[PDB]
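Numbering (the deposited numbering), first residue to last: 1 to 124. Backbone N, C-alpha and C define an ideal beta-carbon position, used for all residues, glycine too. Only one structure is covered here, and it is reproduced in the block below.
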Amino acid sequence: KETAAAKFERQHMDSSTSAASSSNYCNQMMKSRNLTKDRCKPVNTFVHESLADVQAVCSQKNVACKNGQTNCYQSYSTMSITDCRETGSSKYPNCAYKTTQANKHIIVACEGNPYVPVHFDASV
Ligand SMILES: Nc1nc2c(ncn2[C@H]2C[C@H](O)[C@@H](COP(=O)(O)O)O2)c(=O)[nH]1
């Protein structure tokens, strides 16, 4: 099946853009990444950084996860991120999102060999 590490890249990585360009960003990216296929995923963050800069977070500030796990890491640097959150007009299969572009530090959980991000925890 897809790896936890490949699922994080499909859900979270957008190295192909620097920032969301239009209020449509989340609607197009949630659908094309397959995030709306069984239900509307309600919150999802996109990171507009190279894959190497985000895998590097796994060697940065170790912090507790929101759930208490201690395999979380916070980026030293802020990153370009897009927060996509479902709107009150959102109704399955026509999921709809509000797009918010920001520069925030990211908190990811890491696992494995090589030790890479497998979960997006929070932007701060
Ligand atoms: N699982 C997951 N949680 C996310 C993602 N992006 C943001 N969140 C989290 C971080 C915040 O704890 C929370 C949302 O509500 P708020 O309290 O209003 O910002 O959801 C994501 O991509 N995946």
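Item checked: Within 8 Å, strictly: CB atoms of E86 and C40 -> In terms of Cβ geometry, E86 and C40 form a close pair [threshold 8 Å].
Item checked: Inter-residue Cα distance where the pair is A52 and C95 -> The straight-line gap from Cα to Cα measures roughly 31 Å.
Notebook entry, point to check: CA-CA distance, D83 and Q69?
Noted result: A straight line joining the alpha-carbon of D83 with that of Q69 spans about 23 Å.
Item checked: Nearest candidate by alpha-carbon position, reference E111, set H105, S123, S90 and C58 -> Measuring from the Cα of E111, the nearest candidate turns out to be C58.
Check: Quick one: Cα of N71 to Cα of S23, how far?
Finding: Their backbone Cα atoms lie some 34 Å apart in a straight line.
Next item on the list: Helix, strand or coil for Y76, going by three-state DSSP, please let me know.
Entry: Reduced to three states, the DSSP call for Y76 is coil.
Note to self: Could you check whether the Cβ of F8 sits closer than 7 Å to any heavy atom belonging to ligand 1?
What the structure shows: Because no heavy atom of ligand 1 lies under 7 Å away, the Cβ of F8 does not count as near it: no.
Margin query: Could you compute how far the alpha carbon of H48 sits from the alpha carbon of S32?
Written below: Each residue's Cα considered, the two are about 16 Å apart.
Next item on the list: Please specify which runs of the alpha helix (DSSP H), each continuous and at least 4 residues long, are wholly inside the region 18-93, giving them in chain order.
Entry: Whole alpha helix (DSSP H) segments, 4+ residues: 25-32 and 51-55.
Next item on the list: Work out the CA separation of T99 and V118 for me, nearest whole Å.
Entry: Their backbone Cα atoms lie some 23 Å apart in a straight line.
Notebook entry, point to check: Say the cut is 7 Å; is the CB of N44 nearer than that to a heavy atom of ligand 1?
Noted result: Checking every heavy atom of ligand 1 against the Cβ of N44, one is found closer than 7 Å.
Check: Which partner residues does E9 have in the DSSP bridge list?
Finding: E9 is not bridged to any residue.
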